[PDB]
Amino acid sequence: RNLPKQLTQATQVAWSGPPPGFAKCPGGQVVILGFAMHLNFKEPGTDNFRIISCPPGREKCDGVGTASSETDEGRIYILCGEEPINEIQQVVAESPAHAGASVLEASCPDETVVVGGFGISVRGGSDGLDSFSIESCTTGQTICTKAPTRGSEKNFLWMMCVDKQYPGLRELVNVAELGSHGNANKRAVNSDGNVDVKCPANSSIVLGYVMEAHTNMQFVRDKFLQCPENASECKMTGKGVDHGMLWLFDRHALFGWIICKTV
């Protein structure tokens, strides 16, 4: 039909809670696409970072991983509509633990090309967000990659692919952004830095999200929001929370990802 209009019209849902969790579509709707994350930015190692797709045609998306500590959190994002877009196929990939200088690479299934997506690089431990980064996948390619940055130890990505001739695909563009990041600042009441994910000129938002990553994800559940359709940008401030022990500062990173379409 028309991919930008269809994706814009579909309903976005962004859910935070203990993992695995689930996010539900509004009554009468089913998943078109989405992802579920397990994240923990305090515990050591990288096993607590995971992304999976939300399979289409289900009334909800179930998450992944376990609630082993209070710092384990789920973040689930879905786009819901009356029915699936069968031409869409989702792909996730992740690196092994201790990924080193390894670039993560995932390809679309045969005869499909990227609609959009993003990749994240992370490191565990209470200071691991110092190594956080996000990159977008690029519409019209057959591949998406994520390279390590600033001492990261794991890469993961999620993307959506579609049959290469699908109407309107050309009108789409992906933007990911890392906003303010570093030590959290409890002195900044709901103003602890920001992320501002901007559409390129003459485009407006189809869908997307903004999130605050935080050493204690369980204290920033409200800082995970869908991005407003047809706006020129998507903005979020940091909560300003810091539960670091004694002199330690919790870390945070404000980030997001959008797809925009031509107006």
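The numbering used is simple: start at 1 and walk along the sequence shown.
Visitor: Averaging only over Cα atoms, indicate whether 218 to 226 or 63 to 71 has the higher B-factor in the PDB entry.
Guide: Per the PDB record, 63 to 71.
Visitor: Compare the mean C-alpha B-factor of 160 to 168 with that of 177 to 185 as given in the PDB entry, and name the stretch with the higher value.
Guide: So the stretch with the higher mean C-alpha B-factor is 160 to 168.
Visitor: Among the candidates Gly116, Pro109, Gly193, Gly119, give the one with the maximum CA B-factor reported in the record.
Guide: Of the options given, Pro109 has the highest CA B-factor in the PDB entry.
Visitor: Tell me which of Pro55, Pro44, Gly208, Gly238 tops the list for C-alpha B factor in the record.
Guide: Spelled out: the listed residue with the top C-alpha B-factor is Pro44.
Visitor: Going by the recorded CA B-factors, say which third of the chain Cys80 sits in, lowest, middle or highest.
Guide: Middle third by C-alpha B-factor.
Visitor: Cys260's Cα B-factor: lowest, middle or highest third of the chain?
Guide: According to the entry, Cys260 has a C-alpha B-factor in the chain's middle third.
Visitor: Comparing against every modelled residue in the chain, figure out the third that the C-alpha B-factor of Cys25 lands in (lowest, middle or highest).
Guide: For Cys25, the deposited C-alpha B-factor lands in the middle third.
Visitor: Quick check on the deposited entry: does the C-alpha B-factor of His38 sit in the lowest, middle or highest third of its chain?
Guide: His38: CA B-factor falls in the lowest third of its chain.
Visitor: Among the modelled residues of its chain, does the C-alpha B-factor of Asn155 lie in the lowest, middle or highest third?
Guide: Answer is middle: the recorded C-alpha B-factor places it there.
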